[PDB]
Every structure is written in structure tokens, then in C-alpha cells.
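Take this structure first; my questions come after.
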Amino acid sequence: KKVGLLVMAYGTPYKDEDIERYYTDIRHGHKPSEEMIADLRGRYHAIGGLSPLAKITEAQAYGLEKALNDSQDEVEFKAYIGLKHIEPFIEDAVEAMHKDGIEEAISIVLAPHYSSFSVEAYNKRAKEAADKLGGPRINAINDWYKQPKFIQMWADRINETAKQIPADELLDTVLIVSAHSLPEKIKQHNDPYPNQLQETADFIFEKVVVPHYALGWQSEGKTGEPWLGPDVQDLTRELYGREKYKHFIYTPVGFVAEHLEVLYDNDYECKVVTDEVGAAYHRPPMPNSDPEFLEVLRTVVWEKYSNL
Ligand SMILES: CC1=C(CCC(=O)O)c2cc3nc(cc4[nH]c(cc5[nH]c(cc1n2)c(C)c5CCC(=O)O)c(CCC(=O)O)c4C)C(CCC(=O)O)=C3C
Ligand SMILES: [Cl-]
Ligand SMILES: [Fe+3]
Ligand SMILES: [Fe+3]
């Protein structure tokens, strides 16, 4: 009959007036100072005012629902959006599923890699919300970066960009694969997050014509602990100082859409570094709601339903 499709994501402020409560929710309820609020507000204004993450997340979630429902007639999928730090929250989506009579759901996070700080928090809040309500039964997908269509989608985007680079400069081209940084302490407990991203970079590298690649991290938080390094800005400086690369291709494969952590942390902060060393900047289009990416998620979700 009907199976809920719990599509979860970070969330973004819909209006400029939402930035305060959005930052507060991110900061575990501790309201940030005006200085922190002003810096975040400035980054949003620097990328044009607000992030298109809310509209892209909707197009991905409902594009996945249409992609699943048009490819088979074994089960009807119904997509429910559950955001981490703004409404509709994860708990609102599970409430809507239980109210709608959904008895079985499949959950997926719009981030291909698993971590205790990211996907585990998504699944924990979703499973506990359904437990307090009595339903639905949530079957969680933890990661899906190993999907071949996902690896091939990124390789195609990189190869499409590399072919605009002159041949005599391709040897001086490097591919920077990155994702959102996390506190370094997760490596002390063998969290799969750093190893999963190294695997993703390894898989993509063996399918692109770019001869050089390096793994980095970005968007590290405002804390007092060490975070996963090297930062993509610092890595860009070190790689130019050692190899004098002429082209830097940034693929933050940990993200699936053009949001603040791409439009600012890459398209501004990384471009400042390449401008400084005199190298060219390249950032292939994010997956967004491209049909190829909807086919990636369609294959992932259908593979999960078949296995249960
Ligand atoms: C693992 C991870 C993902 C990927 C997986 C997933 O997608 O879930 C992700 C995505 C995103 N993170 C986002 C935004 C922000 N994240 C922040 C802060 C933080 N993120 C963290 C982690 C992650 N974040 C952590 C551990 C903190 C520090 C918290 C603290 O120290 O208490 C902050 C505060 C300022 C700062 O970054 O310092 C902002 C504004 C947006 C939306 C951008 C937009 O609005 O377009 C997106 C897609
Ligand atoms: Cl968070
Ligand atoms: Fe974040
Ligand atoms: Fe930053």
C-alpha cells in the first residue's frame, strides 16, 4: 500500500528573521551572541541574502517521491520532509506520518556519509519520535556514498569541468574532495565518517582524468576543540606551495546542494585563496535536484525497500 519516505536534511532559515532561532537550535538551544549572529547574517548576505537550500531540499524530496512512484507499482511512496534545525522538524515529519496512518517508513538523510554527529542524530530523533507516538516503524538508511551512480555522477561533473582546462595544464590540476568538518575526537573511536570520505575520494579519483587529488574538510565550528583537518583553505595553500597547481577543482561531496557551506565556504573563501596564489577556481555544480541525482536516490531507496 503506502510507505512513508522520511527525507531529512539540516534546514535553512526561510526568512532573515529566522536566523536567530535557527542559530539557537544549531547551538543546542544556547542563544548566540550578537557578534555571532552578525557574522552568520553577513555570510548569508554575502551569498545574496538567503540560501536556496529550502527550495532545493523540497525539489529533491518530492522529486525522489515521483521518481520512486513512476518506476514501479509495488508500493506507493509518500515523502515527508523532516529538518534538523527548523520546521518542519524531524519530529513534525514523524508526527505527520503517524497522523496520516503510515505504518512503515524508510528514512534517508540528504548526506551520503554517516557520522555520530550527523546521520546518527537524524536517526536517533526519528526513532525516538516514532517510539513516543507508537509509529511508524522507521527503517533507516545510514549511508549511500557507495552507490555506483553516486560515484559516477560526481566523476561525470569533474570530467565535464576538466575538459575545459587546457591539456598542457591538466597535469597541474588537482581535485579537492571535502565535506563538513567534525570534531577530531570522532577518530579516536573509529567513526566511519573520515574513512567513508577517503573512500569516496578514492572511488571518484579512479574515474576522472584529473591526475591529482586531495581530501580536505570545511566549515569547522566555533569551539575550543580540534576539528578534522586539513581545512580546504589551508590545504589549498599547502598544495600550491609544494606543487604550484594551476587549477583547483573543489567537490564537497559531503553536501548534495548549493547552500551556505558551498556558496560561501567554497565559492568565496576558497576562491580567495586561489586568487591569492594566482590559480584558477573550479567548483562543479552541486547535485541539487538533477535527474541523475534523483536516479541516485531512487536506486538507494528502492534497494532498501527490497532488502526489508
Ligand atoms: C556534519 C554536518 C553537516 C552535513 C550533514 C547534514 O547535512 O546534516 C552540516 C550541514 C549544514 N550545516 C549548515 C549550517 C550551519 N552549521 C553550523 C554548525 C555546525 N554544523 C555542524 C555539522 C554539520 N553541518 C556542526 C558540528 C556544527 C557546530 C555546532 C556547534 O558548534 O554547536 C552553523 C553555525 C555556524 C558555524 O558553522 O560555525 C551553520 C549556519 C547547513 C545549512 C546552510 C544553509 O543555511 O544554507 C548545512 C547544509
Ligand atoms: Cl548539528
Ligand atoms: Fe552545520
Ligand atoms: Fe567558517
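Indices start at 1 and increase along the chain as displayed.
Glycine is no exception: its Cβ is also placed from the backbone N, Cα and C atoms.
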According to Swiss-Prot, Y10, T12, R27, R43, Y44, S51 bind Fe-coproporphyrin III; identify which of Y122, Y145, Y193 is listed for that same site.
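Of the residues offered, the record points to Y122.
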Can you tell which of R27, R43, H180 has the most other C-beta atoms within 10 Å, given these are the binding-site residues?
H180
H180 (Fe(2+) binding site) to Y10 (Fe-coproporphyrin III binding site): how many Å between their Cα atoms?
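Between the alpha carbons of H180 (Fe(2+) binding site) and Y10 (Fe-coproporphyrin III binding site) there are 12 Å.
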How many whole Å apart are the CA atoms of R27 (Fe-coproporphyrin III binding site) and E261 (Fe(2+) binding site)?
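It is 17 Å, counting Cα to Cα.
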Just how spread out is the Fe-coproporphyrin III site if you go by the largest Cα to Cα distance in Å among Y10, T12, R27, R43, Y44, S51, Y122?
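26 Å is the greatest Cα spacing among the residues binding Fe-coproporphyrin III.
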Any of the binding-site residues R43, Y44, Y122, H180 with a C-beta atom under 6 A from ligand 1? Give them in order, or none.
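If the test is a Cβ under 6 Å from any atom of ligand 1, the answer is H180.
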